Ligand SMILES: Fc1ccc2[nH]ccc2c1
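One chain is shown next in structure tokens, namely the form solved without 5-fluoro-1H-indole.
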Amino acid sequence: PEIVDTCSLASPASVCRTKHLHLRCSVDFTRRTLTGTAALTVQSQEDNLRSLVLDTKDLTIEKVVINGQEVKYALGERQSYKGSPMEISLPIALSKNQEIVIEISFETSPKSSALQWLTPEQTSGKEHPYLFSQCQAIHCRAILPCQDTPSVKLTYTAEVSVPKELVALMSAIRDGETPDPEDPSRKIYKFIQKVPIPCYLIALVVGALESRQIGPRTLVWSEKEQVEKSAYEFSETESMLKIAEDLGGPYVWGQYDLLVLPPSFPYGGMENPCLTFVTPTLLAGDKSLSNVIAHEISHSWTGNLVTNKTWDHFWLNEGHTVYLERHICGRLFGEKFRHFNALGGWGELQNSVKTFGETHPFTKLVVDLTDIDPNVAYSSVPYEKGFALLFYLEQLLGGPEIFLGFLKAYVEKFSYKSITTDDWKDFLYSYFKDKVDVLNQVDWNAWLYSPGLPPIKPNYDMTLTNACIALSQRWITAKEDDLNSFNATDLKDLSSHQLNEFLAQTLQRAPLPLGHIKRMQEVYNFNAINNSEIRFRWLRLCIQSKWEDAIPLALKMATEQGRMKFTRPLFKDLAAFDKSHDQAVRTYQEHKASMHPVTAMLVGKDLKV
């Protein structure tokens, strides 16, 4: 059979396909285990199928029941980050399109790489523990046995038993709660996901959660400490959904709830279906980062509805998502803003080629992950080189309204399916068969398969970047006597996004002399800004410029939140600053127990404790 996905040890989708999962599990915070049964409805694609293989990782299997009889099964040799294949001897010979239900009784490991168990000290409310999953890319196999590959899409239902003081949520539509009949100290929460999904988008959260309704199909969920702030910050979600529907086609998932995770959450968002995960660092107070969730909204079309068939083709997901997200922001803020974000994205791509190196295989759009861990691979280039490709093609093929027609047609063509880069390109050529000679001028080999920067740079409107570059070069080339010219008026027509870009460019040339920084504070009062993107770049700029006063602000930020994008570079700069280095040690020691364990660990391994 054709091997679709080399990150999966399971029977390929050419051999058999999981159509449905019914999960019945119990969450035990004392043992940090999920225990229960996974009933998989599987469809044979072959005749004479007598055994099938599933992915597992650090699972304990108690038994496998098919039609009411325990059946033989064997776990094979672990293949490092891929885990161990689970071969199931079927009690029947399956023929093409025949179905069987396989009920696996399982328990997760407390060290499961998919499950993030938080102590009460690692939550906002400090009293209850908290659990959240992160299956992307190939961690679902560490929750339950499955064909752990985006080449297979399945529906699911679930029943989750939790301690009765807590609340479960999943990447699904809420389907009621009841007392656990087997244990009055517990509650069972029920879920249904009627749209087929790849298993990396199976998600679970258990915690002391409260909700506010902020739209006809949106509740925001969080611990009680964050939920009011969150209900305000994201109050425009429904209007972003409508814009996304206009750009990409109808929203097919029913509900679009939001979950704002605890401050210790070290990542950015996650597009779990029907329940986007959100970092609390987006809680700026003025909604200036509220548009950042347009990224996860966009995945509801590009990634969750049309899905990459393997992790080699992940750029299809991210790239189109960023393309759609920047159109949402263009609808909101104008086409000049879309070019502004697009240009800044080009800059981020430059940085990453330079960080990885213009030869590094992680600067390719299509990557061969055969012997590469995809849980590291999908983290990068797929975002901005993929976006650049689509933006270059947009400009080649007659502009945004015409290329948005392609986007909607592509969503319609491949809804509920999984595809490769060649499927995408074949459809591009088919949709634009009238412009094939134009498409034949594209250096596909360079764009899709070669590392480094793309062969051609798109045309970007420079309106908004210009005002930033002007003001940043003034400072960067200004002497001490010139400092009196700067003043508040320099910022009059600058958005928060422009403020951020200005700091991005000033930090690129870091450090600035102490007097400049002191003066910049005096006239622009960047110490006052609560926007985490702005504050992060400002405090990096201060520490890198050796200002004494920024040391406590940078420590506070680096520990008030766990986002690794912020916490790690801040701890790096504070340790690199010989003055703050010691205080940065004693701060990481005093706080690491409130931190996400991976964030205390990597910040330990950076600070060398």
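The first residue of the shown sequence is 1; numbering continues from there.
As for the form solved in complex with 5-fluoro-1H-indole, it is not shown, yet the points below apply to it.
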| query | finding |
| --- | --- |
| Ligand-site obstruction classification: 5-fluoro-1H-indole, superposed in the entry with it bound, backbone or C-beta within 2.4 Å | blocked |
| 4.5 Å heavy atom contact, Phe486 to 5-fluoro-1H-indole in the entry with it bound | no |
| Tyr378, heavy atom within 4.5 angstroms of 5-fluoro-1H-indole in the entry with it bound | yes |
| Contact flag, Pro263 vs 5-fluoro-1H-indole in the entry with it bound, heavy atom cut 4.5 Å | no |
| Touches 5-fluoro-1H-indole in the entry with it bound: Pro374 (any heavy atom, 4.5 Å) | yes |
| The single option of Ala114, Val367, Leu258, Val206 touching 5-fluoro-1H-indole in the entry with it bound, heavy atom within 4.5 Å | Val367 |
| Contact residue in the entry with it bound, from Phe314, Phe391, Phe502, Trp538 (heavy atom within 4.5 Å of 5-fluoro-1H-indole) | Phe314 |
| Answer range among 250 to 258, 211 to 219, 412 to 420, 306 to 314 for contact with 5-fluoro-1H-indole, defined in the entry with it bound as heavy atoms within 4.5 Å | 306 to 314 |
| In the entry with it bound: members of 381 to 413 within 4.5 Å of 5-fluoro-1H-indole, any heavy atom | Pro382 |
